């Protein structure tokens, strides 16, 4: 098993919790980032310089991305994601994702499912064209039995349409999605569907 796949396994288990905030330019767990770099030997101490830290994070991210890229391609042409976009703090994110024809860049690794969306205020219905960079994790995923298609950083997507709750159009579109039916599933929580397309 390549060391890159092993880095992707770690991403799936725990590294995601640090890396994606880092990549977004958000506040992230700095101490944990450094502890990860030390434990996986990208650095010799947990107290590096800022350039040593940045360079090591780069290699770590690139290992995860390369592990991902090396996984087999599949024939999926759509995937799904539930998001919470109705938080006050995400108001500009909400506006971006609900601007028809907007092109958005996801700076982080982007997790999606080929099989179902977990209900949230927003359901993304994400169309894919052949040759896209998403890969099914399969047994690389830490927890098994939930299909996941992961995309590397900087996925570009186009907002094609937005379907708000409370019409037959919405009801029909929603009925043609497979949703999570877990213990807390409630479709009445859904405010919108956003139909998107990854631009390769």
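Positions refer to the first chain, counted from 1.
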query: Between 137-145 and 162-170 (mean CA B-factor, as deposited), the higher; finding: 137-145
query: Stretch with the higher entry mean CA B-factor, where the candidates are 61-69 and 22-30; finding: 22-30
query: Residue 189 - Cα temperature factor, lowest/middle/highest third of chain; finding: lowest
query: Residue 175 by Cα B-factor - lowest, middle or highest third of the modelled chain; finding: lowest
query: Chain-wide C-alpha B factor ranking for residue 94, given as lowest, middle or highest third; finding: highest
query: Chain-relative CA temperature factor third for residue 121; finding: lowest
query: Chain third (lowest, middle, highest) by recorded CA B-factor, residue given as residue 39; finding: middle
